[PDB]
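Student: 3D model of this:
(chains A and B, ligands or ions: 10)
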Amino acid sequence: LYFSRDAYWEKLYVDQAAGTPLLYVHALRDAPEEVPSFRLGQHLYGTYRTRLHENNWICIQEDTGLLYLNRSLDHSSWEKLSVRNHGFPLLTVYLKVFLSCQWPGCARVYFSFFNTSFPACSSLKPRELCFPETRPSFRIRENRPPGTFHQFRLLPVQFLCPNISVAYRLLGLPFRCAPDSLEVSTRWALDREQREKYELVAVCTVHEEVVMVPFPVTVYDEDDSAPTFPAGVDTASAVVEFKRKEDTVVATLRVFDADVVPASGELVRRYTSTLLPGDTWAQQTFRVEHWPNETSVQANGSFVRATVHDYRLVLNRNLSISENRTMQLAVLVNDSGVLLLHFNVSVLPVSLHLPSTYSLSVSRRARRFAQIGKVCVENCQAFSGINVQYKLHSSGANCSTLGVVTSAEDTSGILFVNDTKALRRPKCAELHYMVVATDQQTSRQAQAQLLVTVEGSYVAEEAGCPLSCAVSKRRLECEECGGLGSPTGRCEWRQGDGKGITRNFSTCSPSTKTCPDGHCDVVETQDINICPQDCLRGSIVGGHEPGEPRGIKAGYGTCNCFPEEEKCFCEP
Amino acid sequence: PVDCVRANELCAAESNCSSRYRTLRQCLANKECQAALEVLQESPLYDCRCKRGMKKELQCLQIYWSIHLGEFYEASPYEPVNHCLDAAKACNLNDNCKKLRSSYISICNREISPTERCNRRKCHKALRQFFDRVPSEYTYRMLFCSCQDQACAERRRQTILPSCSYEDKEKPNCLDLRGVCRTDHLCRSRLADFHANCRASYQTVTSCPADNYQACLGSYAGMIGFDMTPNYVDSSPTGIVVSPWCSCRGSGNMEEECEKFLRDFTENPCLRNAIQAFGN
Ligand SMILES: *[C@@H]1O[C@H](CO)[C@@H](O)[C@H](O)[C@H]1NC(C)=O
Ligand SMILES: *[C@@H]1O[C@H](CO)[C@@H](O)[C@H](O)[C@H]1NC(C)=O
Ligand SMILES: *[C@@H]1O[C@H](CO)[C@@H](O)[C@H](O)[C@H]1NC(C)=O
Ligand SMILES: *[C@@H]1O[C@H](CO)[C@@H](O)[C@H](O)[C@H]1NC(C)=O
Ligand SMILES: *[C@@H]1O[C@H](CO)[C@@H](O)[C@H](O)[C@H]1NC(C)=O
Ligand SMILES: *[C@@H]1O[C@H](CO)[C@@H](O)[C@H](O)[C@H]1NC(C)=O
Ligand SMILES: [Ca+2]
Ligand SMILES: [Ca+2]
Ligand SMILES: [Ca+2]
Ligand SMILES: [Ca+2]
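Tutor: Numbering: from 1, shown residues only, chains lettered A, B, ... in the order given. Ligands and ions are numbered 1, 2, ... in the order given. Structure as follows:
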């Protein structure tokens, strides 16, 4: 038992006599034992869940399902009931109907009342003689014994105007309009899994006007579909090799289901994924994430929808390097039909050796905090959740000149000039360092050779030089003076364009590959005089756009910066 | 007309009314409920409203939803009352519109991370503070300005800055977003305010109740800055369809109610005719 709709519609007037039939109802059964009873709610509901009075004018026939008028109407009862609307205009009342307020356990019936009386038969258009204002829309389960769910006629219309010749007509369809009785029935039991929608055109014919009205039919679903693989895939092989992060999607698969019925409120409570136990290392390092998505599939030239569940497999912690294992994981799927999944996971350890000797040089004219070379593992861009730190050990322990800091983006170290005087000495000209590549989580480490040659000559800078490269504004004063961060000893000039506010802003940097890079690395952020145009937290004078954590993202004209006041200027 | 703040004022001045109010509040938050109901149907708390932009609107709504008994429509607790270039120029020549305009822009145009595009709650707070205390001849002129080409429609779409507030990574279910909006006090009251003033009608000539364009426009613009915050769908010059950031997917057997809930924003002749007649 279920109501075919949730809203029936009826127009009322003043002084309609008793015994006037109002409307029909329909309640299609589910089992061959069910008889539709119809009981009425004992309150004339007004607007927004407000009781007005008990029903005392409308009675019902439970057998034919006939709402009709028990008593007559007047102006006095309706002006009485309009008072209790509490500041709202009386436009539509409604009743509640039980059967054995929500569909399908209850059905509310609307009544749109007019303060005027019943107009004449010829004073009404046949569009207002055939069908109501609210075009219907029905709710039908799948795979149920069909019956009668709708009737066409307007009962007070033909009850008060019987002399108007009116016909109704429907156009391999299971639906049918019977002759000599304008009830609508359905031949066979239907399924949404074949087709979900049935829109039709019902034709009313008066004397003379032919009126076409749309007629939608919606089919509802039951859980008639076990979970199904797309094509035979039951397992998924994956290797946890380089990432080892707290959370990375390891394995991914799809499962088809034509059942839609466990919707998003109760979707967690019905479609169950269960990691089968057996090792505590899996339960401390793995989990299964699950969500569906609706897709549209074709059945007989139509487009119905179904659920494609996606099961992915997620890590739980930072896996260390020393893991040298493999497992098979088993997954239960419950579509409350019972499905099993597998995952061959292989967690392979990582070698941490380096090339043994990093032969390189450095010019003598360089200044403090100038980048030279890069120390890194053979797989630089493979590490995700493993911290690798770099240090130095000078051999003579007397000629300390250089240092290494580690960026955790690439997990790699960058050489920087720490001292000027030790590089300035002709004694410490070829230096031998033990670059030791360490680790934080598990103390596996390695080491390597660093030979560096102090090469070139030394020339003093100018008399009025500032301490940073970005103080200069023109091109000549940039390269004829030496700032801090450059390993060349002089500052470099990059020249932009006249295309307005661009990223290509003309400036003076230490290195044209490092300072206007758009990234503030570990080297530049040590002391804020090196690269102010990538690492400042300050104010900008001129049309520009600042960087996303910090810095100048785009400028106009020439851009110089005073890092002593955290101020920058941009002007052609 | 007694608002719920003064209704609580007259409620706290009496002993029986306060007793039945706290009794029904302990009931909701048989016979104890029904006696309190049949007493408090004559209270000043009964049929108390609130105001738009009033001081302590939150307490008024928390009092009003406290007496409410536990559904597509609900009762509104309120008083039932180049062109876009010129709109922005008329804003920036006044001082009150300029300050709050630059306030919500400089809040909502601040990217934090490459993942987090903007901060959500501060942007909504700035947009609510903009659309509460600005005179409505400035808000309606900038949000509703008649266009003929694509660039004007793009400026009109970018006015509430949808890159931070409106769009998200996904379009969730409209029914779930309705449940989230009806969980909160303020969003549920603004949604009931929109439902009471912007339904379609078969009797009135403009399909709007009381033929009131102003109440439907105020009920529209009062939803800005919540999770159910609508905007335009594209940069169409003449085609004007507003929509919240959701869709009909994931509906299950609740598809028809989701479509009917979405047709309030997509296919409302009342709201579209109100926008068109305001544009004339
Ligand atoms: C679901 O599938 C549609 C297909 O176009 C896609 O756009 C959407 O991102 C998918 N959503 C999820 C959560 O997978
Ligand atoms: C991992 O274990 C296997 C077991 O035979 C061994 O052969 C292999 O050398 C181990 N991995 C490393 C990096 O030592
Ligand atoms: C699936 O869930 C239902 C609901 O609790 C339960 O009765 C059934 O036993 C479950 N399936 C399995 C294989 O346990
Ligand atoms: C997963 O491991 C099992 C264990 O023998 C094996 O039979 C199966 O073929 C493996 N899966 C794949 C895709 O090779
Ligand atoms: C995992 O490693 C990352 C790498 O930096 C680290 O930031 C994070 O705190 C680690 N988390 C855990 C739970 O170990
Ligand atoms: C650079 O030199 C200073 C002073 O000699 C010292 O404190 C600092 O630790 C050095 N840098 C590194 C990375 O060792
Ligand atoms: Ca079926
Ligand atoms: Ca299923
Ligand atoms: Ca199904
Ligand atoms: Ca840089």
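
Student: Pull the residues that contact the helix or strand hosting residue B:34.
Tutor: For residue B:34, the host element (DSSP states H and E) is helix B:32-40. Helix B:32-40 has contacts (CB atoms under 8 Å, 6 or more residues apart in numbering or on different chains) with B:16-17, B:20-21, B:23-24, B:27, B:46, B:67, B:69. The C-beta positions use only the backbone N, C-alpha and C, and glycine is treated the same way.

Student: And stretch B:122-130, by the same measure?
Tutor: Residues contacting stretch B:122-130 (CB under 8 Å, 6+ apart): B:100-101, B:103-104, B:107-108, B:139, B:160-161, B:164-165, B:224-226, B:229.

Student: What residues sit buried inside that stretch?
Tutor: Buried residues in stretch B:122-130, defined by neighbour count with 16 or more other CB atoms under 10 Å in any protein chain shown: B:123-124, B:126-128, B:130.

Student: how about the nearest residue to residue B:2, chain neighbours excluded?
Tutor: Sequence neighbours aside, residue B:44 is the residue nearest to residue B:2 in space, at 5.1 Å (criterion: CB to CB, 6 or more residues apart in numbering or on different chains).

Student: circling back: weed out the non-buried ones from the contacts of helix B:32-40.
Tutor: Buried residues within the contacts of helix B:32-40, counting neighbours by 16+ other CB under 10 Å: B:17, B:20-21, B:24, B:67.

Student: Closest to residue A:199 out of these?
Tutor: Taking CB to CB as the measure, residue A:199 lies nearest residue B:67 of the buried ones among the contacts of helix B:32-40, at 44.4 Å.

Student: re earlier: just the ones of the buried residues of stretch B:122-130 in strands?
Tutor: If you go by DSSP state E, those have nothing in strands.

Student: mind listing what residue 253 touches?
Tutor: Chain wasn't specified; assuming chain A. Residue A:253 makes contact with A:233, A:236, A:310-312, A:341, according to CB under 8 Å, 6+ apart.

Student: try again with chain B
Tutor: Applying CB under 8 Å, 6+ apart, we find residue B:253 in contact with A:220-221, A:260-261, A:263.

Student: please redo it, this time with the cut-off set to 10 Å
Tutor: Applying CB atoms under 10 Å, 6 or more residues apart in numbering or on different chains to residue B:253 gives the contacts A:139, A:141, A:192, A:218-222, A:260-261, A:263.

Student: Likewise for residue A:42?
Tutor: Taking CB under 10 Å, 6+ apart, we find residue A:42 in contact with A:51, A:53-56, A:95-96.

Student: picking up where we left off before, how about the contacts of stretch B:122-130, which pair is most distant?
Tutor: Across the contacts of stretch B:122-130, no pair lies farther apart than B:101 and B:226, at 19.8 Å, counting by CB to CB.

Student: just the strands in the stretch 151-300 of chain A please.
Tutor: A:166-169, A:175-177, A:183-186, A:197-206, A:209-219, A:237-240, A:249-257, A:271-275, A:286-297 (DSSP state E, counting those that start in this stretch).

Student: okay, these in a markdown table with distance to ligand 10 next?
Tutor: Shown next, in a markdown table, are these (distance: least, CB to the ion, whole Å):
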| stretch | distance to ligand 10 |
| --- | --- |
| strand A:166-169 | 79 |
| strand A:175-177 | 72 |
| strand A:183-186 | 73 |
| strand A:197-206 | 60 |
| strand A:209-219 | 61 |
| strand A:237-240 | 34 |
| strand A:249-257 | 32 |
| strand A:271-275 | 45 |
| strand A:286-297 | 37 |
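
Student: Tell me which of these approaches ligand 8 most closely.
Tutor: Set against ligand 8 and scored by CB to the ion, these come closest in strand A:249-257, at 4.3 Å.

Student: Can you confirm whether the closest one lies near ligand 9?
Tutor: No. In terms of CB under 5 Å from the ion, no part of strand A:249-257 sits within range of ligand 9; the closest distance is 8.0 Å.

Student: Check the offset of that strand from the chain's centre.
Tutor: Mean-position distance between strand A:249-257 and its chain equals 18 Å (CA atoms, centre = their mean, to the nearest Å).

Student: in that strand, what's buried?
Tutor: Using 16+ other CB under 10 Å as the test for burial, strand A:249-257 gives A:250-251, A:253, A:255-257.

Student: do stretch A:237-245 as well
Tutor: Neighbour counts over stretch A:237-245 (16+ other CB under 10 Å) mark A:238, A:240, A:242-244 as buried.

Student: which residues does residue 268 contact?
Tutor: With no chain named, the answer covers chain A. A:262, A:290.

Student: nope, chain B please
Tutor: Applying CB under 10 Å, 6+ apart to residue B:268 gives the contacts B:198-200, B:207-208, B:216, B:220, B:241-242, B:274-275.

Student: So among those, which ones count as buried?
Tutor: B:198-199, B:207-208, B:216, B:220, B:242, B:274-275.

Student: Dump these to TSV, plus secondary structure.
Tutor: Listed next are the buried ones among the contacts of residue B:268 as TSV, based on DSSP: H, G, I helix; E, B strand; the rest coil:
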residue	secondary structure
B:198	coil
B:199	coil
B:207	coil
B:208	coil
B:216	helix
B:220	helix
B:242	strand
B:274	helix
B:275	helix
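
Student: between those residues, which is closest to ligand 4?
Tutor: Nearest to ligand 4 among the buried ones among the contacts of residue B:268: residue B:242, at 50.3 Å, using CB to the nearest ligand atom.

Student: measure the closest residue to that closest one other than its chain neighbours to residue B:216 for me?
Tutor: Excluding its sequence neighbours, the residue lying closest to residue B:242 (CB to CB, 6+ apart) is residue B:230, at 4.7 Å. Note on residue B:230: its distance to residue B:216, by CB to CB, to the nearest Å, is 13 Å.

Student: Domain map for chain B?
Tutor: By the record's domain assignment, chain B is partitioned as B:1-81, B:82-280 (CATH domains of a matching chain).

Student: Tell me which of the buried residues of stretch B:122-130 fall in helices.
Tutor: B:123-124, B:126-128, B:130 (DSSP state H).

Student: who are the neighbours in contact with the residue of the stretch 1-150 of chain B found nearest chain A?
Tutor: Closest approach of the stretch 1-150 of chain B to chain A (CB to the nearest CB) occurs at residue B:75, with a separation of 4.2 Å. With contact taken as CB under 10 Å, 6+ apart, residue B:75 is in contact with A:47-50, A:86, A:88, B:47, B:49, B:64, B:68, B:189, B:192-193, B:195-196.

Student: Hmm, residue A:265 is touching residue B:175, no?
Tutor: Yes. Counting by CB atoms under 10 Å, residue A:265 does reach residue B:175; the two are 8.8 Å apart.

Student: who's more crowded, those two?
Tutor: More neighbours surround residue B:175 than the other of residue A:265 and residue B:175, with 22 against 13 (other CB atoms under 10 Å in any protein chain shown).

Student: sec struct for the more buried one, please.
Tutor: helix.

Student: Quick check: closest non-adjacent residue to it.
Tutor: In space, and not counting its chain neighbours, residue B:175 is closest to residue B:258: 5.5 Å by CB to CB, 6+ apart.

Student: The most centrally placed residue in chain B - nearest residue in space that isn't next to it in sequence?
Tutor: Using CA atoms, centre = their mean, the residue of chain B that lies closest to the mean C-alpha position is residue B:223, 2.4 Å off. Spatial nearest neighbour of residue B:223, excluding adjacent residues (CB to CB, 6+ apart): residue B:190 at 5.2 Å.

Student: Any residues of chain A in contact with ligand 4? List them.
Tutor: Chain A comes close to ligand 4 at residues A:235, A:237, A:328, A:344, as judged by CB under 6 Å from any ligand atom.

Student: can you put the residues you listed in a markdown table and add distance to chain B?
Tutor: Compiled in a markdown table, the residues of chain A next to ligand 4 are given as follows (distance: CB to the nearest CB, whole Å):
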| residue | distance to chain B |
| --- | --- |
| A:235 | 29 |
| A:237 | 30 |
| A:328 | 33 |
| A:344 | 31 |
